[PDB]
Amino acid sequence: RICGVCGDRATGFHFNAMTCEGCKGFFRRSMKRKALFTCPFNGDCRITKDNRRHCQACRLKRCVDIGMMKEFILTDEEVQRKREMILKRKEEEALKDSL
């Protein structure tokens, strides 16, 4: 029950790995942009709940090493059916709830 990346209090599985709420958003936001990060120090930052915001290159690496699948991030094209086909069941759940 602990975040595999930073050792923070994990909230459950996210993109197939047990991460905290912050490494969840960081992974999704990072991958969604395809951001390439480069490390300012060596390239083996010992990531923690505190300094986790300082080395992205390494945080995103510990991310992937831990098992997070960028495939599990919904494709913009998919965030679409969901966003819209929301009001599609809401339009039909309204129609049956009329007659």
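In this text, residue numbers run from 1 along the sequence as written.
As recorded in the PDB entry, 76 to 84 is the stretch of 76 to 84 and 15 to 23 with the greater mean C-alpha temperature factor. Just going by the entry, 88 to 96 versus 3 to 11 on mean CA temperature factor gives the higher value to 88 to 96.
Among all modelled residues in its chain, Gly67 ranks in the lowest third by Cα B-factor. Sort the modelled residues of the chain by CA B factor and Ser30 lands in the lowest third.
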